[PDB]
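A.B. asks: One structure follows; several queries about it will come next.
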Amino acid sequence: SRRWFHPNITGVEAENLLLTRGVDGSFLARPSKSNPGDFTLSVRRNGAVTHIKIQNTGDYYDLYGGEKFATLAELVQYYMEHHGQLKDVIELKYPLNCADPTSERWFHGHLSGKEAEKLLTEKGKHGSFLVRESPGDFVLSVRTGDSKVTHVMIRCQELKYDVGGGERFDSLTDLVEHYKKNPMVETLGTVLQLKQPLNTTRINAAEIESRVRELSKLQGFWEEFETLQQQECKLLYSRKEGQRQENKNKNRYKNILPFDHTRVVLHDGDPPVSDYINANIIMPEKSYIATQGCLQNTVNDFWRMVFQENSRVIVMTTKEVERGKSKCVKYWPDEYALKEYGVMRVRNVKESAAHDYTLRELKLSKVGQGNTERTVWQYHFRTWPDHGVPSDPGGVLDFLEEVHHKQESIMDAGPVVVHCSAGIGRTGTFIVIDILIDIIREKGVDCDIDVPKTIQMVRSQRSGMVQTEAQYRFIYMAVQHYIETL
Ligand SMILES: C[C@@H]1OCC2(CCN(c3cnc(Sc4ccnc(N)c4Cl)c(N)n3)CC2)[C@@H]1N
C-alpha cells in the first residue's frame, strides 16, 4: 500500500500528525507547498520531526541525503528494507497512514446523485462503483446486473464511517476495502459487488478540449495525476537482475532498474554475465524499448541490443550534457566516420539538422558479416528544457510524426528505441504521446483514449514511466494539439 502519502497536508499538519499520532520511526510523504512540484518525507526521530526534500524535475525522484528513484513507492520500499542508509541515521519504520480519500480512483467528492447515476448508467458495468460527498456523509453508488444502480448511505458519526450497521471504520478507504472483501447482500439476494471503480478518465478523442478545460479549472489535473500515483504501489515488480553485483556498474542510477519480466535479455554472449542492459520492452495493450542513456561501459551492450532487436529507429530525448552533467555518452561516431563497438560496427553516414532535432543516418552491422548491415535512424531531440516540459507541444509532435513515418516505411523494423538519462521521464512521456497519437491516427477522431490507463499500462513494463504532473499535462496538451491540427 501507499497510505503513507498524504496529498492535502501542510508541513505544520504533518508535524502535529507525527508528534501526536506517530512514534520514533513514524513517517509520511507529501507534496510541497513552498515549492510546488517537490515532495517532503517527514520522519519522527528522537521526539523531533525532520523534513527531507525530494525533488523531481522530470527525470527521477532525487532525495536529499539519499538516492535517485523511479517512484515514491520504490523510494519508501528501499529505505524500509535497507536501514542505516538515510542520513546520523534516519529510520523509516512506521508509515503514518492517510485517511483522506482524494487520490482514490472510486472517490469523486463533489458530484450530485443525478450526475453519479448518469455516470454509472452511461459508463458503468456490473460491479462499477463510486463514492461521492452527500453534509459530511457520503453515498456509495454501485451498478449490478449484466441491470440497476443501488445507493448505500455512508454516515460519518464521531469521525468514523459506517453503512448503517456493523463495523465502524476510521476512513472511507477502510470501509470500501472491507465491503470489497465482504460484500453487502441485499434482502432478495443481490450482491453489491464493488468489482472496479467507475471509469471516468476514458474520453472520446474529439472531446479532448472539453476535458482539458475541466481539468484546467481550480486543479483537476493534479487530482487525476495524484490518483494515478496512488496506483504505483501495485507495480513493485522484481528488479533482481539489475541488483546483481556484475550488473551494478551497468546502471546510471543504482536504484532505477528494469523489471525482470520485461527487461531486454542480451544473447550476443561473450563468455559470464553478458545478458544485461538497463532497458525494457514496452508493448501497447508498434513496440518500444525504453532505456537509459549509455554509460562508457554500456555502449557495446546498447549496440548489441539494437542489433538483436532489429531496431531501426532510436529516439534520443536529451542532450549528452545538461546543466554540466553527463546524461548520455556519445555512442555514435562523428559524421562520415566508422567505429567498432565490440563485435558491432557503426558508420555515421549523414547528419541532418532541423530546428528541434538532428537526424543521424547510421549503418550498423556485425563485424565479420557484411550481410547483417541495416540502416538505423537516430532522431536526436535537442530542444527539451533542462527542467519541466516545452510550453508548446508542436515541436515534439512534428518530431514524433517524422519518427513514426520512418518506422512505418521500414518493413519488419523492430521496436523503436527511446532514451533520455534515466529512461523513465522524457522517455515515458514521448512513448505515451506516441501511443495515444497512434490510436487517433488509425481509429480516427471517433476513438476512445484513456491517458492514465495508458500510463499505468506503460508503468507496469518499466518503473515510473512519466515522472511529473507537468509531463502528464504535456501529454494531454500534445494529444489535444494533434487532434486540433487534423
Ligand atoms: C477527487 C478526484 O475525483 C476524481 C478522481 C480523479 C480522476 N479519476 C481517476 C481515476 N482513476 C485514475 S487511475 C487509472 C485510470 C484508468 N485506468 C487505470 N488503470 C488507472 Cl490506474 C486516475 N488517474 N484518475 C477519478 C477519481 C479523484 N479521486
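In the C-alpha cells, each chain is lettered A, B, ... as it comes, each chain's residues begin at 1, and ligands are numbered from 1 in order of appearance.
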Throw together the list of residues within 9 Å of ligand 1, counting only C-alpha atoms and all ligand atoms, and drop it here as a ChimeraX atom specification.
C.D. replies: /A:101-111,130,132,197-202,220-232,450-457
A.B. asks: May I have the residues from that selection written out with N, CA, C and O atoms, as a short mmCIF file (atom, residue, chain, number, x, y, z; two decimals), in the first residue's frame?
C.D. replies:
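Okay, out_13.cif is ready:
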data_model
loop_
_atom_site.label_atom_id
_atom_site.label_comp_id
_atom_site.auth_asym_id
_atom_site.auth_seq_id
_atom_site.Cartn_x
_atom_site.Cartn_y
_atom_site.Cartn_z
N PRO A 101 -9.55 10.50 1.27
CA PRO A 101 -9.79 9.68 0.07
C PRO A 101 -9.59 10.35 -1.28
O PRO A 101 -9.94 9.73 -2.26
N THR A 102 -9.08 11.60 -1.36
CA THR A 102 -8.96 12.30 -2.63
C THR A 102 -8.27 11.53 -3.77
O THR A 102 -8.69 11.64 -4.91
N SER A 103 -7.21 10.78 -3.48
CA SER A 103 -6.48 10.03 -4.52
C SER A 103 -7.05 8.65 -4.79
O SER A 103 -6.37 7.86 -5.45
N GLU A 104 -8.24 8.33 -4.26
CA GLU A 104 -8.86 7.05 -4.57
C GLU A 104 -9.50 7.16 -5.94
O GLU A 104 -10.11 8.18 -6.27
N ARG A 105 -9.37 6.09 -6.73
CA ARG A 105 -9.94 6.01 -8.07
C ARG A 105 -11.46 6.11 -8.05
O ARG A 105 -12.05 6.61 -9.01
N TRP A 106 -12.09 5.55 -7.00
CA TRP A 106 -13.54 5.50 -6.80
C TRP A 106 -14.12 6.76 -6.15
O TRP A 106 -15.32 6.98 -6.24
N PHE A 107 -13.28 7.60 -5.54
CA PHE A 107 -13.75 8.81 -4.89
C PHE A 107 -13.91 10.01 -5.84
O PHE A 107 -12.98 10.36 -6.57
N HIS A 108 -15.07 10.65 -5.82
CA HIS A 108 -15.35 11.78 -6.68
C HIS A 108 -15.63 13.09 -5.94
O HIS A 108 -15.53 14.15 -6.55
N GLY A 109 -15.92 13.03 -4.65
CA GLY A 109 -16.16 14.23 -3.86
C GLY A 109 -17.39 14.98 -4.34
O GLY A 109 -18.48 14.41 -4.33
N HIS A 110 -17.21 16.24 -4.80
CA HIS A 110 -18.35 16.99 -5.31
C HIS A 110 -18.84 16.35 -6.60
O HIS A 110 -18.10 16.28 -7.58
N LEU A 111 -20.06 15.81 -6.55
CA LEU A 111 -20.75 15.10 -7.61
C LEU A 111 -22.15 14.81 -7.09
O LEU A 111 -22.30 14.15 -6.06
N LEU A 130 -18.72 3.98 -7.24
CA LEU A 130 -18.09 5.25 -6.94
C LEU A 130 -18.56 5.71 -5.55
O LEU A 130 -19.55 5.21 -5.02
N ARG A 132 -19.32 9.42 -3.47
CA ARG A 132 -19.43 10.87 -3.58
C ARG A 132 -19.80 11.49 -2.24
O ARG A 132 -20.31 10.80 -1.37
N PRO A 197 -13.69 0.44 -9.77
CA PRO A 197 -14.18 1.82 -9.76
C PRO A 197 -14.67 2.26 -11.13
O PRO A 197 -14.12 1.83 -12.15
N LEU A 198 -15.71 3.09 -11.16
CA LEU A 198 -16.27 3.59 -12.43
C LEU A 198 -15.21 4.34 -13.24
O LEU A 198 -14.56 5.23 -12.70
N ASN A 199 -15.04 3.96 -14.53
CA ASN A 199 -14.08 4.67 -15.35
C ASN A 199 -14.71 5.97 -15.83
O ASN A 199 -15.74 5.95 -16.51
N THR A 200 -14.07 7.08 -15.46
CA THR A 200 -14.42 8.45 -15.85
C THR A 200 -13.24 9.13 -16.58
O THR A 200 -13.35 10.30 -16.95
N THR A 201 -12.11 8.43 -16.79
CA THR A 201 -10.95 9.01 -17.47
C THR A 201 -10.93 8.72 -18.96
O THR A 201 -10.36 9.50 -19.71
N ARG A 202 -11.57 7.64 -19.40
CA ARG A 202 -11.67 7.30 -20.81
C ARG A 202 -12.60 8.32 -21.49
O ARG A 202 -13.72 8.58 -21.03
N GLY A 220 -7.86 20.25 -11.44
CA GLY A 220 -8.36 18.91 -11.76
C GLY A 220 -7.28 17.98 -12.28
O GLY A 220 -7.33 16.77 -12.04
N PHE A 221 -6.27 18.56 -12.98
CA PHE A 221 -5.11 17.84 -13.49
C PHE A 221 -4.35 17.20 -12.34
O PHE A 221 -3.90 16.06 -12.46
N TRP A 222 -4.19 17.95 -11.22
CA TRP A 222 -3.46 17.49 -10.05
C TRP A 222 -4.14 16.29 -9.35
O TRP A 222 -3.46 15.34 -8.97
N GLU A 223 -5.48 16.31 -9.20
CA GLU A 223 -6.19 15.20 -8.55
C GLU A 223 -6.08 13.92 -9.38
O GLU A 223 -5.89 12.83 -8.84
N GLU A 224 -6.22 14.06 -10.70
CA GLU A 224 -6.15 12.91 -11.59
C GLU A 224 -4.74 12.33 -11.58
O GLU A 224 -4.58 11.10 -11.50
N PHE A 225 -3.72 13.20 -11.60
CA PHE A 225 -2.34 12.71 -11.60
C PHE A 225 -1.97 12.07 -10.27
O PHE A 225 -1.34 11.01 -10.28
N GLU A 226 -2.43 12.63 -9.15
CA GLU A 226 -2.16 12.06 -7.85
C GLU A 226 -2.94 10.74 -7.62
O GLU A 226 -2.40 9.82 -6.99
N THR A 227 -4.13 10.60 -8.22
CA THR A 227 -4.89 9.36 -8.17
C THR A 227 -4.12 8.27 -8.91
O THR A 227 -4.09 7.12 -8.47
N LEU A 228 -3.49 8.62 -10.04
CA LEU A 228 -2.67 7.70 -10.83
C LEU A 228 -1.42 7.32 -10.02
O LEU A 228 -1.06 6.16 -9.98
N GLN A 229 -0.81 8.27 -9.30
CA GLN A 229 0.37 7.99 -8.48
C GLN A 229 0.08 6.99 -7.38
O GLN A 229 0.97 6.22 -7.03
N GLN A 230 -1.13 7.02 -6.79
CA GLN A 230 -1.53 6.08 -5.75
C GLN A 230 -1.56 4.64 -6.27
O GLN A 230 -1.39 3.71 -5.49
N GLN A 231 -1.76 4.45 -7.58
CA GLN A 231 -1.78 3.13 -8.17
C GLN A 231 -0.38 2.54 -8.45
O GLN A 231 -0.29 1.41 -8.94
N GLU A 232 0.69 3.28 -8.15
CA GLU A 232 2.05 2.79 -8.43
C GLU A 232 2.49 1.68 -7.49
O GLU A 232 3.41 0.94 -7.83
N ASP A 450 -7.65 6.90 -23.03
CA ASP A 450 -7.63 6.94 -21.58
C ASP A 450 -6.17 7.18 -21.19
O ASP A 450 -5.37 6.25 -21.19
N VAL A 451 -5.83 8.44 -20.91
CA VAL A 451 -4.46 8.82 -20.57
C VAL A 451 -3.89 8.08 -19.33
O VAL A 451 -2.84 7.46 -19.47
N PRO A 452 -4.54 8.08 -18.14
CA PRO A 452 -3.97 7.34 -17.00
C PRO A 452 -3.97 5.82 -17.19
O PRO A 452 -3.07 5.17 -16.66
N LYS A 453 -4.90 5.26 -17.98
CA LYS A 453 -4.86 3.82 -18.25
C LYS A 453 -3.60 3.50 -19.07
O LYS A 453 -2.93 2.49 -18.79
N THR A 454 -3.28 4.37 -20.04
CA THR A 454 -2.13 4.18 -20.93
C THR A 454 -0.82 4.26 -20.14
O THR A 454 0.08 3.46 -20.36
N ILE A 455 -0.74 5.23 -19.21
CA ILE A 455 0.40 5.42 -18.37
C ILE A 455 0.56 4.27 -17.38
O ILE A 455 1.66 3.72 -17.27
N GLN A 456 -0.53 3.82 -16.75
CA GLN A 456 -0.47 2.66 -15.84
C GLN A 456 0.04 1.41 -16.57
O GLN A 456 0.89 0.71 -16.06
N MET A 457 -0.41 1.22 -17.81
CA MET A 457 -0.01 0.10 -18.68
C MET A 457 1.52 0.15 -19.04
O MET A 457 2.22 -0.86 -18.97
#
A.B. asks: Identify, with DSSP run on backbone atoms, the residues in region 238-413 of chain A assigned to strand (DSSP E or B), and express the list as a ChimeraX atom specification.
C.D. replies: /A:263,279-282,288-291,313-316,321-322,325-326,338-341,344-353,357-366,369-381
A.B. asks: Would you export the selected residues with C-alpha atoms as a compact mmCIF listing (two decimals), in the first residue's frame, please?
C.D. replies:
# COMPACT_ATOMS: atom_id res chain seq x y z
CA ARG A 263 13.90 -6.43 -19.46
CA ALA A 279 16.27 -1.44 -20.80
CA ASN A 280 12.68 -2.70 -21.08
CA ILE A 281 10.33 -3.78 -23.85
CA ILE A 282 7.23 -1.56 -23.88
CA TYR A 288 9.37 0.34 -27.91
CA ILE A 289 12.45 -0.20 -25.87
CA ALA A 290 12.63 2.30 -23.02
CA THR A 291 16.26 2.63 -21.96
CA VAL A 313 14.95 3.93 -35.20
CA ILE A 314 16.39 5.41 -31.97
CA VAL A 315 14.86 8.41 -30.29
CA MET A 316 17.26 10.28 -28.04
CA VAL A 321 25.41 17.08 -21.34
CA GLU A 322 22.79 19.07 -19.44
CA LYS A 325 26.16 16.81 -16.09
CA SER A 326 26.71 13.83 -18.42
CA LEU A 338 33.27 4.44 -38.87
CA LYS A 339 33.69 2.98 -35.37
CA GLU A 340 33.68 -0.52 -33.92
CA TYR A 341 31.76 -1.01 -30.60
CA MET A 344 29.31 -4.23 -33.75
CA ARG A 345 30.33 -1.73 -36.38
CA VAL A 346 28.71 1.65 -36.90
CA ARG A 347 29.21 4.17 -39.66
CA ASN A 348 27.65 7.65 -39.38
CA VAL A 349 26.64 8.19 -42.99
CA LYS A 350 24.98 11.66 -42.77
CA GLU A 351 23.67 14.17 -40.17
CA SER A 352 20.69 16.44 -40.93
CA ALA A 353 19.84 19.39 -38.66
CA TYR A 357 16.26 17.87 -33.68
CA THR A 358 19.13 16.26 -35.64
CA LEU A 359 18.66 13.08 -37.65
CA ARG A 360 21.77 10.80 -37.95
CA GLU A 361 21.77 8.05 -40.63
CA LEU A 362 23.75 5.17 -39.09
CA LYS A 363 24.76 1.85 -40.64
CA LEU A 364 25.01 -0.98 -38.12
CA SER A 365 26.45 -4.39 -38.82
CA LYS A 366 28.20 -7.21 -37.00
CA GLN A 369 29.30 -10.35 -41.53
CA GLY A 370 28.63 -7.62 -44.13
CA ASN A 371 25.23 -9.19 -44.95
CA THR A 372 23.98 -8.14 -41.48
CA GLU A 373 24.10 -4.38 -42.33
CA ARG A 374 20.99 -2.22 -41.70
CA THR A 375 20.34 1.50 -41.50
CA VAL A 376 19.48 2.80 -38.01
CA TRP A 377 18.00 6.31 -37.93
CA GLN A 378 18.85 8.30 -34.82
CA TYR A 379 16.44 11.13 -34.07
CA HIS A 380 18.08 13.41 -31.54
CA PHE A 381 15.58 15.84 -29.98
A.B. asks: Which value, in Å to one decimal, gives the distance between CA of residue 6 (chain A) and CA of residue 140 (chain A)?
C.D. replies: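 Straight-line distance from CA of residue 6 (chain A) to CA of residue 140 (chain A) works out to 22.7 Å.
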A.B. asks: Pick the closest to residue 82 (chain A) from A:284, A:66, A:246, A:460: which is it, counting only C-alpha atoms?
C.D. replies: A:66
A.B. asks: Report as a VMD selection string all protein, DNA and RNA residues lying within 8 Å of residue 483 (chain A), evaluated on only C-alpha atoms, omitting residues in the same chain fewer than 3 positions from it.
C.D. replies: chain A and resid 205 to 206 440 445 479 to 480 486
A.B. asks: With a distance cut-off of 12 Å and only C-alpha atoms, select the neighbouring residues of residue 36 (chain A), excluding the residue or stretch itself and same-chain residues fewer than 3 positions from it, and output the selection as a PDB file with C-alpha atoms, in the first residue's frame.
C.D. replies:
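Saved as out04.pdb:
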ATOM      1  CA  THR A  10       0.696  21.331   5.084  1.00  0.00           C
ATOM      2  CA  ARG A  30       3.516  14.787   0.921  1.00  0.00           C
ATOM      3  CA  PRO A  31       3.521  17.311  -1.989  1.00  0.00           C
ATOM      4  CA  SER A  32       5.301  20.614  -1.317  1.00  0.00           C
ATOM      5  CA  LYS A  33       3.584  23.962  -0.671  1.00  0.00           C
ATOM      6  CA  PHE A  39       7.909  16.447  -2.113  1.00  0.00           C
ATOM      7  CA  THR A  40       8.663  16.195   1.611  1.00  0.00           C
ATOM      8  CA  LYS A  53      13.306  17.299   0.488  1.00  0.00           C
ATOM      9  CA  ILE A  54      12.515  15.191  -2.594  1.00  0.00           C
ATOM     10  CA  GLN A  55      12.913  16.903  -5.950  1.00  0.00           C
ATOM     11  CA  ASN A  56      11.538  15.790  -9.328  1.00  0.00           C
ATOM     12  CA  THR A  57      12.124  17.982 -12.350  1.00  0.00           C
ATOM     13  CA  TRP A 222      -3.459  17.493 -10.048  1.00  0.00           C
ATOM     14  CA  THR A 468       5.707  14.570 -13.224  1.00  0.00           C
ATOM     15  CA  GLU A 469       2.309  16.314 -13.350  1.00  0.00           C
ATOM     16  CA  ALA A 470       3.924  18.802 -15.836  1.00  0.00           C
TER      17      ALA A 470
END
A.B. asks: Need to verify the contact set: residue 177 (chain A), 12 Å, only C-alpha atoms, exclusion of same-chain residues closer than 4 positions in sequence. Can you return it as a ChimeraX atom specification?
C.D. replies: /A:104,106,169-173,181-183,193-196
A.B. asks: Just write the chosen residues, C-alpha atoms, as a PDB file, in the first residue's frame.
C.D. replies:
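Written output follows (selection.pdb):
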ATOM      1  CA  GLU A 104      -8.862   7.054  -4.568  1.00  0.00           C
ATOM      2  CA  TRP A 106     -13.537   5.497  -6.802  1.00  0.00           C
ATOM      3  CA  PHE A 169     -14.173   2.479  10.116  1.00  0.00           C
ATOM      4  CA  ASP A 170     -11.509   5.218  10.505  1.00  0.00           C
ATOM      5  CA  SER A 171     -11.629   6.043   6.765  1.00  0.00           C
ATOM      6  CA  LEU A 172     -13.781   5.681   3.643  1.00  0.00           C
ATOM      7  CA  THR A 173     -10.863   3.578   2.238  1.00  0.00           C
ATOM      8  CA  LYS A 181     -13.841  -8.316   0.602  1.00  0.00           C
ATOM      9  CA  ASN A 182     -17.182  -8.808   2.444  1.00  0.00           C
ATOM     10  CA  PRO A 183     -19.931  -7.638   0.021  1.00  0.00           C
ATOM     11  CA  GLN A 193     -20.050  -6.388  -5.650  1.00  0.00           C
ATOM     12  CA  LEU A 194     -17.605  -3.466  -5.676  1.00  0.00           C
ATOM     13  CA  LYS A 195     -15.741  -5.033  -8.602  1.00  0.00           C
ATOM     14  CA  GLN A 196     -13.989  -1.976 -10.082  1.00  0.00           C
TER      15      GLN A 196
END
